[PDB]
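Asks: sequence isn't available, so here's the structure alone:
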Ligand SMILES: CCCCCCCCCCCCCCCCCC(=O)OC[C@H](COP(=O)([O-])OCC(O)COP(=O)([O-])OC[C@@H](COC(=O)CCCCCCCCCCCCCCCCC)OC(=O)CCCCCCCCCCCCCCCCC)OC(=O)CCCCCCCCCCCCCCCCC
Ligand SMILES: CCCCCCCCCCCCCCCCCC(=O)OC[C@H](COP(=O)([O-])OCC(O)COP(=O)([O-])OC[C@@H](COC(=O)CCCCCCCCCCCCCCCCC)OC(=O)CCCCCCCCCCCCCCCCC)OC(=O)CCCCCCCCCCCCCCCCC
Ligand SMILES: CCCCCCCCCCCCCCCCCC(=O)OC[C@H](COP(=O)([O-])OCC(O)COP(=O)([O-])OC[C@@H](COC(=O)CCCCCCCCCCCCCCCCC)OC(=O)CCCCCCCCCCCCCCCCC)OC(=O)CCCCCCCCCCCCCCCCC
Ligand SMILES: CCCCCCCCCCCCCCCCCC(=O)OC[C@H](COP(=O)([O-])OCC(O)COP(=O)([O-])OC[C@@H](COC(=O)CCCCCCCCCCCCCCCCC)OC(=O)CCCCCCCCCCCCCCCCC)OC(=O)CCCCCCCCCCCCCCCCC
Ligand SMILES: CCCCCCCCCCCCCCCCCC(=O)OC[C@H](COP(=O)([O-])OCC(O)COP(=O)([O-])OC[C@@H](COC(=O)CCCCCCCCCCCCCCCCC)OC(=O)CCCCCCCCCCCCCCCCC)OC(=O)CCCCCCCCCCCCCCCCC
Ligand SMILES: CCCCCCCCCCCCCCCCCC(=O)OC[C@H](COP(=O)([O-])OCC(O)COP(=O)([O-])OC[C@@H](COC(=O)CCCCCCCCCCCCCCCCC)OC(=O)CCCCCCCCCCCCCCCCC)OC(=O)CCCCCCCCCCCCCCCCC
């Protein structure tokens, strides 16, 4: 049987790379060719194209946030699961101000108005969600590894759920 | 023996600095993923089980089990027995039960049990419980009145992993706010579990009434109302800093090599600091007696208990009172015991055989470090309560004298119970841990047998006389609408 | 200088205590305790970061 | 939840957040959350009258590189290594997630 | 070989609160014992089907709540 031979090859290979250091954790020296490219192309490209374009986009983004009176981390959409899991655990004082800022922004945007300049002198790029995003990613990675390492077989279209993995009832068209 | 702690001598285990690379070689080998594999047909697929297939088995190596005692430099005591079984029973006992709670700290001991095996410094909640599950281990945490126990049952080859997981509960638990809040569910489940066991539920009513609003009367379980205000990670951490310390903790292992167990426990505390030991208020229990009538609208039967204070486990009356319990014995209609199963105890002969209306009559005896309760527990139909109490009181008045045959039968049955209970490993683990926490010493089953043989009728009379002078504790549970009043019981016993 | 919020306290760059950028610092040992492996390249990197089989 | 997916993978070209944070890695640590300052009662920066006088931002415009549409954000979905880089909390770097659990930064003396 | 214990391990303490190995009676047949051998009124064998958890069954009690609902609230179409 060829599947048995293939299974042994996979087992032996994976056993031979256990404990390997990830590529990013290796101390890597650039090749003599990438160093030349960085010496010539990268400086000129930054001065003439990348630097000005990205400053132009960044400064516009800061202005847009300041006009709405929101922070950058407010702009995250909770349809993303990491954001939703992080928002479950944020403390109440952070939550209250986040909601108020987001509500004011939508009112301003909907009515085509901008925040008064008196209230615009703040840094919008303060990363207040970072501790909770990292905790949420850790929780999700543990669940991924210890509980979702195989494609599981379940009885199909039973109890309001397709049986293909989703956990909410009536959350697909074929489960109406 | 290098150190004597509370009357017992222990061998001091020195901390050693070991590189993580070296220790990793000794960790038991196991996998969580099986990515591929080498196919191999079952070689015994055609061999019936009646045909032996194993040959050249190494000769067995049998050693008489002995209990060994050791202690770490941080003060954690280690007691293990190796019966050469294939399953280990690891147990961590901490001297922090409900009795040490202040009224503002009500239920914190139970809360600690509820947050057990949650996230620690070096492991997540999910990873801890999935590791316990994948390795086939079972266990949990139970908070008592004087101690809290963490226990795991496992194949002995995985002892290094199990000991690490248990210790992490008291070494560096992360009492994260959201994890703790998820444990509020367990309080309602704990109440349901307690109330389901009628015998245990009546026992808790006894202790609350016997010791009014003090050490041994503190509720074992936290309530689900105002107590949830301080069911917080911060509050639990403050409670643990008061009571949890290496000096108040004992690690017990059954069916584990002592040197290996000591080595791995040492490696767990080598580079970390345990909770420092601080003085705490330890007040003797105050016995008040009293009564409580607890209605259960669903139950048609009446459960009655009459109890008296005993000096406790550390007294010289421990064995004579225990013999008194076996002499009176008891039983119930539910069961039909064969020979040697209490059919000739005094309660069985004088109550069950002569009163068809009595559903069950037994003698209970709870022992703690410095106090205990002894009494009779009798059940029946609600309307029978006035007669059930009279039967119980009449038996209490017969404890003035005992026949020689009854004393000998009681002594022999007690010795049989001691030896037969000991052979259960989980029982032996819990017995050792509780004894050290209560007394700092372990009395072996054989030594208890020697004491039992020395009990005379004079000792039984003396102990019974002392019990009957205490103010009775009178609990009625179930259908209480016909039970006599408390003053009736006290006047009946006032003569004694 | 950067004594008060008006003077620039807490503004990266203007405030001496706060750097303009926060790049991670280099390390010589992995968190496991293994020595960090070293790889000196002599050819340009793969187009997609594709690793070669062992 | 409805059928959903996250890009929690091991990229071949992009490092994880533990290796290279994209946010300004300077945080203040307290012993209890109540020790943090209260923003409502904390004075903010002095208001300006010209849009050209507004303060500077801490974000790095060129945090990300390579082909693709420009974007500035602080977070990604990538998986972390079981032995993540030890954060420098002494300088203010944030320690949350794997860099706390699977490291010994939390250990004091 | 025969299996003498239920497939679901108890995981609880064998001894009751305040009762030790000395004063617990005989755990083999005592009524309050958690490890007493069941009585074979109808014969030996049914312990393979038996539920050893002392708590009575509460039909329909929820264990599939992931935190999406408060107690007493009825989900409607899963949401
Ligand atoms: C770069 C590095 C170096 C590279 C080196 C590469 C090395 C590989 C190459 C060498 C391979 C050697 C293979 C040796 C085979 C050994 C054979 C042997 O001894 O048998 C033992 C061997 C295994 O026995 P076993 O140990 O019991 O294990 C059972 C399992 O089969 C065991 O299998 P399993 O459990 O492992 O499962 C996998 C299974 C099954 O694997 C698969 O089938 C893979 C499926 C993957 C999805 C494929 C989707 C479709 C893709 C199409 C792509 C098309 C692209 C076109 C491009 C065009 C433009 C360029 O694989 C096999 O069955 C093995 C196949 C062996 C070769 C024979 C079949 C090859 C294909 C022939 C197709 C011919 C097409 C002609 C078209 C003509 C057009 C005009 O026997 C077989 O099972 C082999 C036969 C399998 C069926 C093949 C079809 C037979 C058709 C019979 C027709 C009869 C007609 C009667 C008419 C009567 C009229 C009256
Ligand atoms: C020159 C000649 C050349 C000739 C060349 C010839 C070549 C022949 C090619 C033959 C076809 C090859 C197709 C290969 C696709 C590979 C994709 C891949 O990498 O998948 C990994 C990917 C895994 O992704 P992941 O991100 O790792 O995890 C996924 C989950 O997020 C989380 O994953 P999890 O594992 O945690 O979740 C658990 C759950 C995850 O479950 C799922 O992922 C299922 C997803 C939902 C599937 C149902 C979708 C709704 C229905 C759509 C169709 C509507 C209309 C149908 C009727 C129309 C009538 C007019 O897993 C299981 O339940 C495991 C067992 C699954 C099998 C159950 C068997 C009973 C149900 C039957 C349906 C499924 C059969 C297997 C899939 C077939 C793929 C073609 O798995 C899938 O893609 C799942 C299957 C979904 C696609 C179903 C498509 C059905 C066919 C539709 C018509 C297509 C026409 C277009 C052309 C077709 C030819 C190409
Ligand atoms: C170089 C050459 C290149 C050639 C290019 C062409 C290549 C060939 C293949 C092209 C087609 C690919 C098909 C992909 C199948 C994907 C299957 C799948 O995964 O589905 C679930 C999947 C949902 O993913 P999921 O949420 O992860 O799944 C988990 C849930 O369990 C999922 O469950 P769920 O419920 O959430 O989602 C299910 C979803 C799945 O459905 C869809 O989304 C649509 C899928 C099918 C597409 C349509 C196929 C049409 C082609 C066949 C017909 C050709 C005819 C030709 C005839 C020629 C004659 C001359 O919705 C439905 O099932 C709706 C069903 C509605 C049925 C209503 C029927 C009427 C009522 C009942 C009967 C009548 C009443 C009774 C009367 C009685 C009388 C008495 O579907 C999608 O997301 C994909 C939808 C399709 C998007 C567009 C695909 C584009 C393909 C790329 C190539 C395009 C090239 C340009 C074409 C230009 C054309 C002009
Ligand atoms: C006169 C004045 C002239 C001034 C000259 C000035 C020269 C300055 C210095 C130049 C030094 C160049 C070499 C330095 C090393 C390379 C750079 C480097 O490594 O940077 C780091 C950079 C990224 O580093 P990393 O981020 O650390 O790596 C992470 C990832 O693993 C890798 O990063 P990744 O994952 O991002 O991927 C890397 C890259 C992958 O790399 C590349 O793509 C490299 C491309 C090189 C192309 C060169 C050949 C083409 C030009 C030929 C010119 C002929 C002139 C004829 C003149 C005749 C006169 C009579 O992929 C991308 O960036 C994605 C690109 C996506 C857009 C693609 C758009 C394609 C559109 C095509 C449309 C066509 C439609 C019509 C159909 C046409 C059919 C034909 O590394 C790479 O890009 C890796 C690949 C490097 C390949 C180098 C190939 C050099 C080829 C030399 C050929 C010489 C032939 C001589 C012939 C005989 C002479 C007599
Ligand atoms: C005689 C002729 C014969 C011809 C025979 C041809 C036979 C061909 C057989 C092909 C068989 C089918 C292959 C399908 C593979 C499907 C894989 C898949 O779906 O994976 C999803 C899978 C999902 O992964 P995930 O974990 O869910 O997500 C990964 C994360 O997003 C993040 O992952 P990460 O962070 O780890 O990054 C991994 C990295 C890994 O990336 C790679 O390794 C891929 C590198 C591809 C480089 C291609 C450069 C081509 C340059 C040509 C230069 C010509 C020079 C001529 C010089 C002339 C001198 C005279 O990926 C990326 O960096 C981003 C990938 C973006 C992919 C975009 C896909 C677009 C496809 C359509 C493009 C073309 C349509 C427009 C133009 C049409 C008209 C022209 O994606 C991956 O794992 C990455 C795979 C990406 C594969 C892209 C391959 C593109 C190949 C283009 C070929 C162009 C040929 C031009 C020839 C010109 C000659 C003159
Ligand atoms: C007879 C003897 C003869 C002997 C002859 C011998 C000849 C020997 C020849 C040998 C040649 C060897 C050469 C080797 C070169 C190696 C290169 C290399 O390794 O590159 C690696 C490099 C990857 O390394 P990396 O580190 O990722 O590189 C950095 C990235 O490039 C990007 O990363 P970054 O961080 O640097 O970039 C930041 C980001 C951000 O980039 C930017 O900021 C760019 C701007 C983005 C704009 C987006 C909108 C797009 C539309 C633009 C226009 C709208 C306005 C835009 C401005 C705003 C205005 C309000 O950049 C991008 O995303 C780049 C996108 C570029 C397109 C966007 C538009 C750029 C122009 C905009 C102009 C605007 C002007 C406004 C003026 C207004 C004044 C008032 O890969 C490439 O660059 C490869 C590209 C693909 C090449 C494919 C070649 C295929 C050729 C096939 C045919 C050949 C036929 C030959 C036949 C010959 C017969 C004889």
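Replies: Okay, I see it. Residues are numbered from 1 along each chain as shown, chains lettered A, B, ... in the order given. Ligands and ions are numbered 1, 2, ... in the order given.
Asks: for the rest of this, base every contact and every neighbour count on C-alpha atoms.
Replies: Noted.
Asks: mind listing what residue A:81 touches?
Replies: Shown in contact with residue A:81 (CA atoms under 8 Å, 6 or more residues apart in numbering or on different chains): residue D:6.
Asks: how about residue B:253, secondary structure?
Replies: Under DSSP: H, G, I helix; E, B strand; the rest coil, residue B:253 falls in the strand class.
Asks: distance of it from residue B:2?
Replies: Distance, residue B:253 to residue B:2, by CA to CA, to the nearest Å: 21 Å.
Asks: those two: which is more packed in?
Replies: Neighbours per residue (other CA atoms under 10 Å in any protein chain shown) separate residue B:253 from residue B:2, with residue B:253 holding more: 30 against 10.
Asks: against residue B:262, how distant is the more buried one?
Replies: Counting by CA to CA - residue B:253 and residue B:262 are separated by 10 Å.
Asks: hang on, residue B:331 in a strand?
Replies: Yes - looking at residue B:331 with three-state DSSP, it is inside a strand.
Asks: that one: how many residues sit nearby?
Replies: Residue B:331: 27 surrounding residues under other CA under 10 Å.
Asks: so what's it up against?
Replies: By CA under 8 Å, 6+ apart, residue B:331 lies in contact with B:342-343, B:347-348, B:352, B:360-362, E:31.
Asks: how about 6 Å then?
Replies: Counting by CA atoms under 6 Å, 6 or more residues apart in numbering or on different chains, residue B:331 touches B:361-362.
Asks: run the chain-centre distance for stretch B:302-318.
Replies: Chain-centre distance of stretch B:302-318: 17 Å, with CA atoms, centre = their mean, to the nearest Å.
Asks: is it positioned near chain E?
Replies: No - judged by CA under 6 Å from any CA of the partner chain, stretch B:302-318 makes no contact with chain E; its nearest approach is 9.3 Å.
Asks: for stretch A:55-68, list every residue counted as buried.
Replies: Of the residues in stretch A:55-68, A:58, A:61-62, A:65-68 count as buried by neighbour count, 16 or more other CA atoms under 10 Å in any protein chain shown.
Asks: so the most centrally placed residue in chain A, which state does it fall into?
Replies: Nearest to the geometric centre of chain A sits residue A:82, at 7.0 Å (CA atoms, centre = their mean). Secondary structure, three-state DSSP: residue A:82 is helix.
Asks: relative to residue E:64, how far out is it?
Replies: Separation of residue A:82 from residue E:64 (CA to CA): 22 Å.
Asks: check residue C:33 too.
Replies: As judged by CA to CA, residue C:33 and residue E:64 stand 42 Å apart.
Asks: on that earlier part again, okay, and which of the buried residues of stretch A:55-68 map to helices?
Replies: Mapping these onto helices (DSSP state H) picks out A:58, A:61-62, A:65-68.
Asks: closest one of those residues to chain D?
Replies: Proximity of these to chain D (CA to the nearest CA) peaks at residue A:58, which lies at 5.8 Å.
Asks: report the contact partners of that closest one.
Replies: residue D:61.
Asks: partners of the helix or strand hosting residue B:375 in the sheet?
Replies: Assigning secondary structure by DSSP states H and E places residue B:375 in strand B:372-381. Using DSSP bridges, strand B:372-381 pairs in its sheet with strand B:301-310 (antiparallel), strand B:358-367 (antiparallel).
Asks: can I get the ones you listed in TSV including distance to residue A:129?
Replies: Converted to TSV, the strands paired with strand B:372-381 look like this (distance: least, CA to CA, whole Å):
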stretch	distance to residue A:129
strand B:301-310	58
strand B:358-367	54
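Asks: between those strands, which gets nearest to residue B:120?
Replies: Set against residue B:120 and scored by CA to CA, these come closest in strand B:358-367, at 34.5 Å.
Asks: who touches that closest one?
Replies: Contacting residues not belonging to strand B:358-367 are listed as B:312-313, B:325, B:330-333, B:372-380, E:18-19 [CA under 6 Å, 6+ apart].
Asks: apply 7 Å and report the result again.
Replies: Residues from elsewhere that reach strand B:358-367 (CA atoms under 7 Å, 6 or more residues apart in numbering or on different chains): B:312-313, B:325, B:328-333, B:347, B:352, B:372-380, E:18-19, E:23.
Asks: now the buried members of these.
Replies: By neighbour count, with 16+ other CA under 10 Å, the contacts of strand B:358-367 hold B:312-313, B:325, B:328-332, B:347, B:352, B:372-380, E:18-19, E:23 as buried.
Asks: does the longest helix belonging to chain B come close to chain E?
Replies: Longest helix in chain B, counting residues (DSSP H): helix B:404-422. Yes - Helix B:404-422 lies within reach of chain E by CA under 7 Å from any CA of the partner chain, at B:417-418, B:421.
Asks: what residues sit buried inside that helix?
Replies: B:406-408, B:410-415, B:417-419, B:421-422.
Asks: between these, which sits nearest chain E?
Replies: Of the buried residues of helix B:404-422, the one sitting nearest to chain E (CA to the nearest CA) turns out to be residue B:417, at 4.8 Å.
Asks: that closest one touches residue E:26, doesn't it?
Replies: Yes - between residue B:417 and residue E:26 there is a contact under CA atoms under 7 Å: 4.8 Å.
Asks: roughly how far does residue A:5 sit from residue B:33?
Replies: Going from residue A:5 to residue B:33 by CA to CA gives 19 Å.
Asks: between these two, which is the more surrounded one?
Replies: Legend: neighbour count by other CA under 10 Å for residue A:5 and residue B:33, higher for residue A:5 (13 against 10).
Asks: quick check: residue A:142 is in a strand.
Replies: No - assignment of residue A:142 by three-state DSSP gives helix, placing it outside any strand.
Asks: what does chain D have sitting close to ligand 4?
Replies: D:13, D:66-67 (CA under 6 Å from any ligand atom).
Asks: adding neighbour count and distance to chain E, write these out as TSV.
Replies: What follows is these, written out as TSV (neighbours: other CA atoms under 10 Å in any protein chain shown; distance: CA to the nearest CA, whole Å):
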residue	neighbour count	distance to chain E
D:13	13	36
D:66	6	41
D:67	6	41
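Asks: from those, which single one is nearest residue A:125?
Replies: Nearest to residue A:125, judged by CA to CA, of the residues of chain D next to ligand 4 is residue D:66 at 22.2 Å.
Asks: list the contacts of the residue of chain D found nearest chain B.
Replies: Proximity of chain D to chain B (CA to the nearest CA) peaks at residue D:101, 4.8 Å away. Taking CA under 7 Å, 6+ apart as the contact definition, residue D:101 lies against B:121-123.
Asks: and of these, the nearest to residue A:27?
Replies: Set against residue A:27, the nearest of the contacts of residue D:101 by CA to CA is residue B:122 (26.7 Å).
Asks: now the closest one. Its backbone dihedrals?
Replies: Dihedral angles phi and psi of residue B:122 (degrees, to the nearest 10) take the values phi -110, psi 10.
Asks: ok, stretch B:203-212 near chain E or not?
Replies: No - Stretch B:203-212 does not reach chain E (CA under 7 Å from any CA); its nearest approach is 8.6 Å.
Asks: ok so residue B:294 is a strand residue?
Replies: Yes - Residue B:294 forms part of a strand when assessed by three-state DSSP.
Asks: and for it, the neighbour number?
Replies: For residue B:294, using other CA under 10 Å, the count is 15.
Asks: again with the one 3 residues further on
Replies: Taking other CA under 10 Å as the neighbour definition, residue B:297 ends up with a count of 9.
Asks: would you list the phi and psi of residue B:449?
Replies: The phi/psi pair for residue B:449 (degrees, to the nearest 10) is phi -60, psi -40.
Asks: state which one residue of chain D is found closest to ligand 6.
Replies: Ranking the residues of chain D by distance to ligand 6 (CA to the nearest ligand atom) places residue D:66 first, at 3.2 Å.
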